[PDB]
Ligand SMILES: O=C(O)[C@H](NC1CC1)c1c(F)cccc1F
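Only one chain is included here, represented as C-alpha cells and corresponding to the form deposited without the ligand.
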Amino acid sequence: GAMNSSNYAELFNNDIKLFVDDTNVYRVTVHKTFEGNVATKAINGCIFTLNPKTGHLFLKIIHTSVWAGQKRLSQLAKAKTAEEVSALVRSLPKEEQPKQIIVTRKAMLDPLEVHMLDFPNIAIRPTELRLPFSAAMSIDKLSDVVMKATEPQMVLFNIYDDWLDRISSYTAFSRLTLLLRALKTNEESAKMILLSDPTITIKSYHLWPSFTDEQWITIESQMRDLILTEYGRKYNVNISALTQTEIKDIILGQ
C-alpha cells in the first residue's frame, strides 16, 4: 500500500528499504547548432536509489549512449531504470536485499514490478509523498560526477555524510528532505545559505558542510524560512499559523 506521511516512519525500521527516483534519468540541454538553429542534445542522467535509514545512495549514471538512435524514449527510460534497480538488487547478498522498494513516481510501479519477478519477497510500493529527490542534480558533487562520466557506472555515497554519528535516521532524513526541498524551491538562495560562512568547509568525502550540531539547527530554520516564505507568496497565507503537520507535509510533498 502507498507510502504517505501516516506510515512513512516505517522507512526507519529493520526492514531494509530503498527509494527509487527516476526523474533525472532522461535529461536534455538546449544548445545552438552549427547552422544557428536551436536543438536539444541528450546529457548524462542518473538513477537515484537511496536507503533512507543508512544514507547509502546508489547513484547509477545513465550515459547518453543508452539513448542513441532509440525509439519510444519515455518507455525506454523506465525500462532502463527498472533493469538497473533489479540488477543492483540481484548483485547483493540476500541479507542486503531490500524488503521494499518505494518509487517516487507511480509510473515506475509496473515496470519495476515486471523486472522484479525474480524477487517475490520484495514489495514494490508507490507513495503519496512528493519527495524532492529531483533536486539531487543541484548538489554540485553529484552533478559533476554525472556530467563527467564517459561510460555507464555506479557511484556510491552516504548522502547523510557523517550525521548518523550524532543524530537519528529520522532526524537525518528530515534534514535531507529539508535541504533538497529548499534546493528545489530556490537553488540560488539555498546555496547562499549553505555557503554563508563560507569558511565552514565540505570534507572531500562529503556532500554537505561540516556544520556543528547547533549550526545545523540554524541552517535548517533558514532553509525552512526559504521554503515557507515562497509557499506564502504563492498561496497568500500566514506562515506562522501553519501547524507542525502542515509544515512537514510541505517539505515531504504531502
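Numbering starts at 1 and runs along the sequence shown.
For the pair 55-63 and 207-215, the record assigns the higher mean C-alpha temperature factor to 207-215.
Of the two segments, 69-77 and 148-156, the one listed with the higher mean B-factor is 69-77 (C-alpha atoms only). Residue-level inspection of the entry shows that, of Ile47, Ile200, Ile43, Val38, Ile200 has the top Cα B-factor. Ranked by Cα temperature factor within the chain, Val25 sits in the lowest third according to the deposited record. Sort the chain's modelled residues by C-alpha temperature factor and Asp162 lands in the lowest third, per the entry. Compared with the other modelled residues of the chain, the Cα B-factor recorded for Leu178 ranks in the lowest third. When the modelled residues of the chain are ordered by their C-alpha B factor, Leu18 lands in the lowest third.
Among the modelled residues of its chain, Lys141 has a C-alpha B-factor that falls in the middle third according to the deposited record.
As for the form deposited with the ligand bound, it is not shown, yet the points below apply to it.
Under a 4.5 angstroms non-hydrogen atom cutoff, the ligand in the entry with it bound has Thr185 among its neighbouring residues.
Along 120-154, one residue reaches a heavy atom to within 4.5 Å of the ligand in the entry with it bound: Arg130.
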